[PDB]
Amino acid sequence: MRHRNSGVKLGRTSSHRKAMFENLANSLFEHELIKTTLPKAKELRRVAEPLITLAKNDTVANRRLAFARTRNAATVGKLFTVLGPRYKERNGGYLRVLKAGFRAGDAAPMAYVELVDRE
Amino acid sequence: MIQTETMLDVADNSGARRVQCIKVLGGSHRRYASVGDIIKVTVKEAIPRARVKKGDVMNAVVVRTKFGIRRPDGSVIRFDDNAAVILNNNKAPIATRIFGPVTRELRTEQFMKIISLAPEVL
Amino acid sequence: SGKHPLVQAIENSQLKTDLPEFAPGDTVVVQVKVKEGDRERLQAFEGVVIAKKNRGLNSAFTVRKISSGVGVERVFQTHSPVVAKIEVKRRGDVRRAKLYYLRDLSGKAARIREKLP
Amino acid sequence: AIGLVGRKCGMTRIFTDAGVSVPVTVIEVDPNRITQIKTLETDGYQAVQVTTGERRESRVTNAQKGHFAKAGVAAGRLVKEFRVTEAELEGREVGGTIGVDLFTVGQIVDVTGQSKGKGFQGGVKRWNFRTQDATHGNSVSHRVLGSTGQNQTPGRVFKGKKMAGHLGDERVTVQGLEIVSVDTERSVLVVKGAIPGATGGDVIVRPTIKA
Amino acid sequence: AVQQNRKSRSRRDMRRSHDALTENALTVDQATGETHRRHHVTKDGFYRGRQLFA
RNA sequence: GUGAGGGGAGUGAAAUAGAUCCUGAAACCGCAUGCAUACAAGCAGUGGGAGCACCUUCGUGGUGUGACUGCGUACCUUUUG
RNA sequence: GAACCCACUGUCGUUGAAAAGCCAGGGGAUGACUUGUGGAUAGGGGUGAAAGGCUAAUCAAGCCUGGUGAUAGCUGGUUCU
RNA sequence: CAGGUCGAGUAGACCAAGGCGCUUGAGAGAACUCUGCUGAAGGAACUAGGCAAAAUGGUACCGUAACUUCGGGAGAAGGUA
RNA sequence: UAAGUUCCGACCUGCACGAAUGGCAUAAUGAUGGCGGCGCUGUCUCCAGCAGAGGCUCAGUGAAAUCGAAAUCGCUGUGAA
RNA sequence: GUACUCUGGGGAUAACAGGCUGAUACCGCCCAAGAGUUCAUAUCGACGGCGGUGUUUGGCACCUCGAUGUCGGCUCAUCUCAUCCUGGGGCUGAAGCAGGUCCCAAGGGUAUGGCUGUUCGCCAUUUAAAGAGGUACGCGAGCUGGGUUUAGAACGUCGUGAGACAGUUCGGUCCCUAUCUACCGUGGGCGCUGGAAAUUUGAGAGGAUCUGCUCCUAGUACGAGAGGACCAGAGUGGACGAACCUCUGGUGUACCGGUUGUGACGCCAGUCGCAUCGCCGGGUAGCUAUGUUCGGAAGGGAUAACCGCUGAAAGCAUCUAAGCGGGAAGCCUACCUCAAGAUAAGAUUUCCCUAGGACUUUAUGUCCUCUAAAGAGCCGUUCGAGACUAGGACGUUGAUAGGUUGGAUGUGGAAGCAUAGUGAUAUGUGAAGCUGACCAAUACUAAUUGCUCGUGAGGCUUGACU
Ligand SMILES: NCCC[C@H](N)CC(=O)NCCC[C@H](N)CC(=O)NCCC[C@H](N)CC(=O)N[C@@H]1[C@H](O)[C@@H](OC(N)=O)[C@@H](CO)O[C@H]1NC1=N[C@@H]2C(=O)NC[C@@H](O)[C@H]2N1
């Protein structure tokens, strides 16, 4: 049973899963539109949106927390310079997940992840 | 929560120091004994020149357990040791002093002497 | 407040309104009501608070003491009417919420430093 | 007997004046609205049909909408019957409501619910089977069934043999619970002990049959 | 463990009687007029009156 | 897909002689049509037998199917069996 | 006590990753030690700190080809009316 | 042949130079199987058998019995930092 | 040991010990046989939770041993029993 | 001689299990010398006689040698009654408490350890009791492999020897992915006299069925005393089962913190990767027992042994032949769950569909045209539901999921900056910072535009009412 439990496994160890979602968040913040599998896309919200929420207040402690979470100076700079001021007045829901058919190699269901006000 | 093969300290001056439980009395297939329950014990260590000797098979009553007991308000009381008190063939205490605290589960006509002799009842 | 509002409302009507502030590492005296037949009396339980659970009506705290060379712990339910009164005798200085490490210490090693204003 | 349909809200405790902690379960009761009365003349047996809760009109079908409109009551989230006697039928009419005041403090009741679902389960959990040795040469048989029959005679497995399968998610009735509180202003029943099912599930409270 | 008798073609087909495939849910998109998988972005990047790739 | 493969055109007496290409059997595997088949227990047939479809020399006829029913435990070998 | 050489216990594997292994432990590890290259001993023979061990995944008498279509009071099979 | 930090070390953990991510993937997170981590109270009651697990584990100093072929036993046991 | 067909010591009517197919002992040594104790523990009372790998579902590739033919139920009886 | 072994054959012929039989084995009955102070039959019962069962030791050689492959343990069972406990009775050399013996009764229940490979047995300590048997001496395509029975080696003994054993001892590979039947779960299809959404009756099926101790009656009845009840009430336990997570705990590798080694982020500071989650201390939900609550209560009907009432055959007697009763943990009900594929397919409430042509096979007839209802499903957001399914909720007329805001909880004094110290560090800002799964609000994001299925008033005969 898994009554009321949250989180995913995705056939990975916990550290590998955490690193993979870190990489996905960095790629999404850089490019503002990515394509991945549907379960990864749905779980990516719970990791990426709190980072944008944190970036709404620009302090040394918040920047250091963001650096601990992402390990990417360019991502920290973009978060605290562009994305946070952009979403200052938006109450959550900074991402958009859209189904995008299936993948040729393994028939895996796919999806697009997009920032809400990309362009 | 005392079962067969459990070692127990002795909380009196009958002469035994360590006993081992060899049977939990009071029913077929009964597993555990708690405070106020009667057990059969074998004497593993004893004071020299005492009345009880090493290798004797006697009855005993459990007075303290590490598993602890429940109270009606939902609390639990736990001790640091498992301790027993030696009884005769008529299931009456045969000691004249009690060491350490006991609990109010012993306030019966069978074990009133332990209550009256114990340094503390909690 | 992790329960449904109706459950919270039912629990709230039973809360005690005069509990003192106390923390793990303190030494306290708890007065317990003892009923024998019709004889009512108060018995003191004095010792060190080694654990405290804050859950509203389901709050509890564990007190440990040494009695005639035997260690004894009791887990008091904070809002039960059986607990008549709680006195804080001394305030301790500790570094963690749960002090189970005191169970393996004796005498001098188990001393708790006093918290000094 | 005539009873109530309620919803399990969660467990808590009540402290008595002497200090005893009584574990209790809370049941919310939206007052049950009578939708139909069945009689010997037209149905062949005597029962009272009730509804409770709410349901949006986009989810209420036309047939059920007409059924509710005939009784003159708002649509509920469920419909349920209670078998009754002639004496119990007195004072009950279509369109009336039944509240928590049907019960009194100290009354003994039976509570019916739908137990939690454990899914596909094995012999150890389902039937309290014993496990075999974890060591001493045991190869791959720790939680397996073991033997399931005898031999050429009878050369088959008997019906009702205990095996692995679905466990839980069944109708369960717990008998002999005591009513601790009847809160009319909040429309709540507080009963002693545990009742089947998960928080938010539908429960039925009836007077005890072990009377 | 293995069969004692070969299974007949009739029984094999009876077992396969549950193997038929089904149809996907396809709908016409209002913005473009093209058939697309329902609730999915079209192959040209349109969904719900929005365009993804310039 | 400048692939494989095929449909036309053309050659040839013949291309269902089109390249591992004369003839093209059986096991085995598809599609189409007709009848039967989802309340009934077994070597699957046999002796009866209603109904349906097509054909017809219109029937006391032909072809296909076969509701219902009596009887009925494969073959070879080795054996007292 | 590493490399190196072994193979005492256990789980796994047993249509294996493997026709003898993996993993966790284990023994020797300056010696009667381990190892490369090239040689010698050939079948009632060789070699053996000796288990009938080894002698090309084969050993109470290796493999190959001949005698040879050995013999079998035994088992099986033996085809149209 | 074989570097760096600790290290007695070619043991070990993480790194350099230099190489790789082992030629099916994506989901789900039932019984049962394999491999691990933790576990109330009890502590060999298991079992053919403490099988398997758990446990001990370093450096310096102190201290160390019977027996003895006078070499050992011995890192006996045990203790302090 | 609470309880000991094993173990240790002793007894001598040795079914059927006995002195280089050596007798009786023996410090050290042994992955050697038997018995006991401390510590330790999921070995067990009695199992619970969690992590990884399968199992399950989807897409691709695609085995095996077996096999007279099958429209392949229970019971009691019968009968190469 | 071969246990270092090999080939051709046999169920023509042995060892295992099955079969026939029942000498033997076990159980029962008949007669009755006698024993029992007298008194065969309370309890025993010689010499003899008659049966039953199919557990033992055997007899036979019918099945299997082109294989039916195991002594004990483990796991899981199912049946019998010749009944171990609990229930109901008759007799007694039955005062009471106990006991002996026989009859009825199979609902439930019916030990843990020491020794040994043991089944068995002896022993220790319990229990209401630790029953006797059948099921391939149940169960090894479910586990083990200690004993027996391969190949190594040794002792006693036998033999000249190779070797061998009414013997002993140390060591010594347990294969198979389940087609069919059976069983445990879970779906798809069609049927059920037009279709649909709900609520239901119960033919029947399964589950459950145990019991100790104390008090009271009452130190009463009984008994010279010692002892000590029936019947009838109260309380409190053992084992077993279910549900649950408020309490007590376990776990809790996406929560918090301490800390070692190493590498990196330019450096300090602050952090991150790896080392079993590196190690260590705590811990939210969920799951869970050792934790919590509940259950086997009470009552009807027919009976078993047994006890009768009235009553003749048979002027008496007699429970029986006519007629009328009592009587058990056993049977039928009663309690819980399932149940109309109950093809005999049941009942109730409500909802939906009422259009035109042609023709001949004049029929619930075949082609056209027009219609597409009530509902169901596909799809999506999902769940305390789940292998896939099925089931529950919701899809903008929206709180279904994520996010956001607040709260709660856990861990515990973030970073930065100031002070005090040579410094390790300590204190303040401040119970701060961070906080998976929880509670409550909130359309910010995603549940879009949609499609498919399901029709058009439901044959005939008879009867009763219109
Ligand atoms: N012209 C056309 C010619 C056609 C050609 N013949 C086809 C051919 O031969 N195919 C061979 C397929 C083998 C492999 N699957 C290829 C692949 O898919 N590599 C994925 C990498 C792609 C990525 N975008 C580039 C990247 O990250 N590079 C790094 C980088 O350079 C460097 O790391 C740092 N830190 O700087 C280096 C350390 O030395 O490691 C490389 N990473 C590496 N990963 C590789 C690995 O595991 N093995 C082989 C070798 O490729 C390895 N190096």
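Naming convention: chains lettered A, B, ... in sequence-line order (proteins, then strands); numbering from 1 in each chain.
In this entry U396(J) has no Watson-Crick or G-U wobble partner, no candidate having both defining distances under 3.5 Å. Remark: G286(J) base-pairs with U251(J). Criterion, Watson-Crick or G-U wobble with two distances under 3.5 Å. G430(J) is unpaired under the Watson-Crick or G-U wobble criterion, no partner having all donor-acceptor distances under 3.5 Å. Under the Watson-Crick and G-U wobble criteria, each requiring two contacts below 3.5 Å, nucleotide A441(J) is paired to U404(J). Using Watson-Crick or G-U wobble geometry with both donor-acceptor distances under 3.5 Å, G412(J) finds no partner in any strand shown. Pairing for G235(J) is with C213(J), a Watson-Crick or G-U wobble pair whose two hydrogen-bonding atom distances lie under 3.5 Å. Shown here, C122(J) forms a base pair with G114(J); the pair counts as Watson-Crick or G-U wobble because both key distances fall under 3.5 Å. Across every strand in view, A305(J) sits unpaired, with no contact that passes the Watson-Crick or G-U test at under 3.5 angstrom.
Residues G375(J) and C453(J) show canonical Watson-Crick or G-U wobble pairing, with both defining distances under 3.5 Å.
Taking atom P in both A285(J) and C267(J), the straight-line distance is 43 Å, to the nearest Å. Atom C1' of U442(J) sits at a distance of 15 Å from the matching atom of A401(J), rounded to the whole Å. Between the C1' atoms of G219(J) and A239(J), the separation comes to 35 Å (whole Å). Look at the P atom in both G207(J) and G185(J): the space between them is 12 Å, to the nearest Å. For the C1' atoms, the distance linking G51(F) with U37(F) amounts to 15 Å, nearest Å. Atom P of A33(J) sits at a distance of 44 Å from the matching atom of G59(J), rounded to the whole Å. Comparing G327(J) with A203(J), their P atoms are spaced 29 Å from each other, to the whole Å. Here the separation of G283(J) from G412(J), taken at their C1' atoms, is 12 Å to the nearest Å.
Here the nucleotide nearest the side chain of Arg38(E), chosen from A77(J), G395(J), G384(J), is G395(J). The side chain of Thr61(D) approaches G375(J) more closely than any other nucleotide in the set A2(I), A111(J), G375(J).
Residues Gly155(D) and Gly105(A) each lie close to RNA chain I; by heavy-atom proximity, the contact nearer the 5' end of the strand is made by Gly105(A). Checking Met1(B) against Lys54(B), the closest nucleotide of RNA chain I that is more toward the 5' end is the one next to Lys54(B).
Checked by atom type, the side-chain pair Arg13(D)/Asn58(C) shows a donor-acceptor distance below 3.5 Å. For the residue pair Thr59(A) / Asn62(A), a side-chain donor-acceptor distance below 3.5 Å is found, with atom types taken as modelled. Side-chain contact check for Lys3(C) and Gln8(C): no donor-acceptor pair (N or O, by modelled atom type) lies under 3.5 Å. Side chains of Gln49(D) and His67(D): a donor-acceptor N/O pair is present below 3.5 angstrom, by distance only. Looking only at atom types and distance, the side chain of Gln110(B) has no donor-acceptor partner in the side chain of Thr108(B) under 3.5 Å away.
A33(J) has its base syn relative to the sugar, with a glycosidic angle deviating from 0 by at most 90°. The glycosidic torsion of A82(J) lies within 90° of 0, which places this base in the syn conformation. In textbook terms, a nucleotide whose glycosidic angle is within 90° of 0 is syn, and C58(F) is one such case. Syn is the glycosidic conformation of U16(F), whose angle stays within 90° of 0.
In this strand, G456(J) does not stack on its neighbour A457(J) when judged by six-membered ring centres under 5.5 Å apart and planes inclined by less than 30°.
A positive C1'-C2'-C3'-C4' torsion places the sugar of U292(J) in the north, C3'-endo-side range.
A side chain to side chain contact (heavy atoms under 4.5 Å, CB included) with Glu43(A) is found for one member of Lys40(A), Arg46(A), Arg45(A) and no other, namely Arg46(A).
With centroids closer than 5.5 Å and planes inclined by less than 30 degrees as the test, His136(D) and the base of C51(H) pass as a stacked pair.
For the residue pair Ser75(B) and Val75(C), the shortest heavy atom distance occurs at CB-O, 3.1 Å.
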